[PDB]
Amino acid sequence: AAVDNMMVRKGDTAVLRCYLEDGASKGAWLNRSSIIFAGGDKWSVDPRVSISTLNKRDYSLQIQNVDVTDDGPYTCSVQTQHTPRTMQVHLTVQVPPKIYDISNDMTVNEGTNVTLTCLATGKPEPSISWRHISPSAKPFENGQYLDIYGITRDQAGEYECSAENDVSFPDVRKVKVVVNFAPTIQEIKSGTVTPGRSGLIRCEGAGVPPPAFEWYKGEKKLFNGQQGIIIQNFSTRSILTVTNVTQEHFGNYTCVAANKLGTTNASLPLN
């Protein structure tokens, strides 16, 4: 009368141990109450099941390509002069986790309500954790679903779903969320200007899609290479250069950043 446990991943080869009682002593394996082997004779038809015999008294049960259906107690009854000896083995077949459905990469507008979904299998059933890959760690409470109400431009990026069950390495998939928003002028600063020399105005801006920059002065649009000015537009900024800053140039300049979702303005005088 003995008991033992054994845990094996799905697919592995299990070897349930059993020892015979010297010569003229045979063994027999049971599956709950179904006979698998008795001595050298096989009762099971499962080709995965065999007897692994290394020593003359080794009567271990060898199950190949184990599956979750094999879970349960296996009993080895050993013949003897007196009451047979019973060695019982509880087989538990575990399955690594695997995500089988996750929200696909998306593009949404700022302020909308988003819900990410992640579903995974595994034995034991896995715990599903969400995580936002950003300098702000912000570990999110567990759950298959991550609700994001009023999504901000700062909440964009890759989101990581992690399904763990302590069996093996957890499965990890990602989702790319792009948040579109109307442009925002973060800064507008002009440089010093010697009278006869040139003047510069930076206009830093953000926006998804990237914003198109325009420059104005009193409702009149300024153009590159016309009237003695130079507008150089970059991905995140635009620079207005006034060649010769005479007294007839002072005034309020206005930078404009617009995309598909909206616009924005910012004014500044020329020093």
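Each residue number is its position in the shown sequence, starting from 1.
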Checklist entry - Should the higher mean CA B-factor in the entry be assigned to 153 to 161 or to 140 to 148? => result 140 to 148
Checklist outcome for this item: Per the PDB entry, mean CA B-factor is higher for 238 to 246 or 220 to 228, namely for 220 to 228
Checklist entry - Hey, out of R202, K56, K26, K42, whose CA B-factor is highest in the deposited coordinates? => result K56
Checklist outcome for this item: Looking only at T107, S168, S103, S198, the Cα with the top B-factor belongs to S168
Item to check | B-factor third for the C-alpha atom of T194 within its chain | outcome: highest
Checklist entry - By the record's CA B-factor, is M87 among the lowest, middle or highest third of residues in the chain? => result highest
Checklist outcome for this item: On the chain's distribution of Cα B-factors, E214 falls within the third called middle
Checklist entry - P135's Cα B-factor: lowest, middle or highest third of the chain? => result highest
Checklist entry - Which third of the chain does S60 land in by C-alpha B-factor: lowest, middle or highest? => result lowest
